[PDB]
Amino acid sequence: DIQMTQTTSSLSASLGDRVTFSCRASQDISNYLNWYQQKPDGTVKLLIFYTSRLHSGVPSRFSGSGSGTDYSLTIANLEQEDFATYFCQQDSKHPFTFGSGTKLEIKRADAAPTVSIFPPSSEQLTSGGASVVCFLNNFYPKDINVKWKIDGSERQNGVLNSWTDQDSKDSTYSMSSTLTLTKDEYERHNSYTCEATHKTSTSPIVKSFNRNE
Amino acid sequence: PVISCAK
Amino acid sequence: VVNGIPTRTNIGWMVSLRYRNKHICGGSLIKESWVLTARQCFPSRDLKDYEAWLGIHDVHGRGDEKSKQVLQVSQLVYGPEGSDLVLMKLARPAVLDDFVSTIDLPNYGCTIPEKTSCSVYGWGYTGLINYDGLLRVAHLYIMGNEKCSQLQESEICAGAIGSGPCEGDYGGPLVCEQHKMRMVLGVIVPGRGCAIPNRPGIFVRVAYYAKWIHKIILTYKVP
Amino acid sequence: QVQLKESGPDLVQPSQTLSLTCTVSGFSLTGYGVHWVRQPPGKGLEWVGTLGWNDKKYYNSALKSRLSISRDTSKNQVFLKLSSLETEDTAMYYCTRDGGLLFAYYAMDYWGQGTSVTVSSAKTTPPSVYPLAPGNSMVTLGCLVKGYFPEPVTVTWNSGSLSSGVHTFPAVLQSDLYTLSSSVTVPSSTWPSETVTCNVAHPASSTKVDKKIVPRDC
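Residues numbered from 1 in each chain as written, not as in the entry; some residues may be left out. Chains lettered and ligands numbered in written order. Heavy atoms only, no water. Residues with missing side-chain atoms left out of burial classes, pairs and counts.

What the entry reports as its method is X-ray crystallography, with 2.80 Å given for the resolution.

Visitor: Whenever I open this one, the environment of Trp53 of chain D confuses me. Can you help?
Guide: Position of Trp53 of chain D relative to the elements: it lies in the loop between strand 5 (46–51) and strand 6 (57–59). Exposure remark for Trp53 of chain D: the relative accessible area of 19% places this residue in the buried category. With 24 residues separating them in the primary sequence, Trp53 of chain D and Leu29 of chain D have C-alpha atoms 6.1 Å apart. In this view, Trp53 of chain D contacts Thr9 and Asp98 of chain C together with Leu29, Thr30, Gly31, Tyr32, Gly33, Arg71 and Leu101 of chain D; residues no more than four positions away in its chain are not counted. (Helix = DSSP H or I, 4+ residues; strand = E, 2+ residues; numbered from the N terminus. Buried < 20%, exposed > 50% of the residue type's maximum accessible area, 1.4 Å probe, protein only. Contact = heavy atoms within 4.5 Å.)

Visitor: Looking at this model, I keep getting lost on the sheet that holds strand 8 (residues 77–82) of chain D. Mind explaining?
Guide: Within a sheet, neighbouring strands are paired by backbone hydrogen bonds and run either parallel or antiparallel to one another. All names here are of chain D. Pairing is antiparallel across the open sheet formed by four strands, whose spatial order is 1-3-8-7. Each having just a single partner strand, strand 1 (3–6) and strand 7 (67–72) make up the two edges of the open sheet. Each strand axis lies, on average, 20° off the axis of its neighbour in the sheet, ignoring direction. Relative to strand 3 (residues 18–25), strand 1 runs antiparallel, the two sharing four bridges. Its bridge partner lying in strand 3, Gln3 is registered against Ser25. (Pairing = 2+ DSSP bridges. Axes fitted to C-alpha atoms, helices over the stretch in contact; angles between N-to-C directions.)

Visitor: Is there a simple way to think about the packing of aromatic side chains in this case?
Guide: Aromatic rings in a pair are described by how distant their centres are and how their planes are angled relative to each other. Per the counting criterion, the structure on display carries 21 aromatic pairs over all chains. Relative to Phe169 of chain D, the ring of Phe135 of chain A has its centre 5.4 Å away and its plane inclined at 15°; by these criteria the two rings are stacked. Of the two residues, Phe135 of chain A is situated in strand 12 (residues 129–139) and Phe169 of chain D in the loop between strand 15 (166–168) and strand 16 (172–174); the pairing between them involves two chains. Each ring, one from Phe27 of chain D and one from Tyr32 of chain D, has its centre 5.5 Å from the other, and the planes form 65°; the classification is edge-to-face. Of the two residues, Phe27 of chain D and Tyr32 of chain D, both sit in the buried class. Here the aromatic cluster, defined as three or more aromatic residues joined through ring pairs, consists of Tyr36 and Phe98 of chain A together with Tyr94 and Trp111 of chain D. (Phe/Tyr/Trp six-rings, centres within 6.5 Å; stacked < 30°, edge-to-face > 60°.)

Visitor: Explain the nonpolar core to me, please; I cannot follow it from the model alone.
Guide: Residues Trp35 and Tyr86 of chain A, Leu87 and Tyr121 of chain C together with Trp36 of chain D are the most contacted members of the largest nonpolar core, which totals 102 residues. Look past the residues within four positions of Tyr121 of chain C in its chain and what remains in contact with it is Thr7, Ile11, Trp13, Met14, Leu135, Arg136, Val137, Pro173, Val175 and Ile188 of chain C together with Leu101 and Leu102 of chain D. Counting 38 residues, the second-largest nonpolar core is a separate cluster that includes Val1, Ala94, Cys176 and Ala207 of chain C. (Core = buried A, V, L, I, M, F, W, Y, C linked by side-chain atoms within 4.5 Å.)

Visitor: Looking at this structure, how should I read the environment of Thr37 of chain C?
Guide: All names here are of chain C. Summarising the element assignment, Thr37 is placed in strand 4 (residues 34–38). Given the relative accessible area of 1%, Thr37 is considered buried. Sequence separation of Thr37 and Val2 is 35 residues, and the distance between their C-alpha atoms is 20 Å. Dropping the residues within four chain positions of it, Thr37 is found in contact with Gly26, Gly27, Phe42, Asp84, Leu85, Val86, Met88, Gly171 and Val187.

What follows is the structure in structure tokens.
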């Protein structure tokens, strides 16, 4: 299967920038490479067929460029609507294959997350489960890592993470992390920690509670 | 006036 | 075609007109025994000089070993003075198929709406080194006549991008779709330049001679 | 104009057979080809296969042994079928058009809007709603919407009053049941003095729970 590699997963930019995406084929595709735009509501449009040919309705700031294995798409004069995810696809041989896509986010000043932890509620404990919730709100850039420690020893099973799309007001991001657990083991331990490692500080942001207090 | 091309 | 793209499949109504074992120009199949092409495409009057190739993607037929059909030219029927149109009759008839198919012709007199998206196909001059032999296509839009004369009722105006039909593509079809039916609406004849941008091409309006074509088909019988 | 719409069910079960239909307009399937593309939740696009203007069929490689595509030119429809369904076939399924014979490329130049298709054997289940309370100027609350099925679930705070400081996170599934969480950030003068309650609606089970956020009694 022809493998279209698209190395950059996201790419941050601002209005008016020249921004480029690229694919690399696992073999010579002979200019049989197309580019699509998937908007946040999931709408997909054809941008460029063959390496460089431009589709009938596409505004003129798009263009194509490549040959052999390396192809790429650029936007001069980036406009607001252009914030979307861009996908490539090869027509050389059946079966056609796509690239992992590149999501074009909007650039912003760096922001440190707001980290906020919650013990398992009363309702749930009587029900038989245990869940700790760690919120992390309004940070930039999207890259962020969360570790859970139960009395200093790290847990990974039953951890459950979720991330908002880019906020349409303050361009930040946000993430939930929910350590989920059995009541029986929850009450065998005391301290519950979530650590947030993030570009905006060299030392991780820690939010903790002991089951006693 | 304007005549259609498709039959 | 200059600045086209290669077709992904082989187009079924396309005929490679071969003059002395060389492809000279194009032609579109309209009946099992009748091909429509341009006057400028016949330098000789000896029928044994010509063959017709159908069901090919490659102009030498390399890819299409199981689908090519080579037919001899039984007779030339010459269009009216000024048409630049030539209806070619074949000795044995074409065997219709997925790789060989007819193209429909427009209603007589029709005016095709401006901005209609159209296409030209041909194995002609690419402007590039290493023409892979594969059939090519360029996307055009119908335009107003005044956009060309800088016109007779036998000519139509269509442009792109700076692309178009060129030498070797002549006698090939202009193909447009309306109401979900593709017809051949112009036929490629040598225009002023090749693929000059902002300079639309002139095609001889098939719809102006469409009634003529049936007068021939009803008259010149096939063995 | 060129139009395409997808229209099959939106919930089927493992080992069943999915049946989607693409209803085209503005062009004729005889001079144009149709492509199926799917997209698992959160992933990029995946080519499923294609039916060409001449009824030639090409299939995605991993799916080919349980895939099929057909068409009725009179009914202006192209039919997808996926046998022996796996959970992982859960994805949005689009249909697309070629350039056909007029344009002679295989790029997909017109796209349907999509249709969601979910594969699981879960029984419809209402969510358990638990309140998240702290255990300094601002305070952040929120509630956890655990173990429900199927999607969706609409969450508001104070019945639309609290709008700005909300973050409601996408559903993620834990095994076969969805879990969601929301958070709300009001001035510490607002809480606990005033009321903050999250409103949770789960239509598929005709559930509608309110739950007030109250400080913990240690």
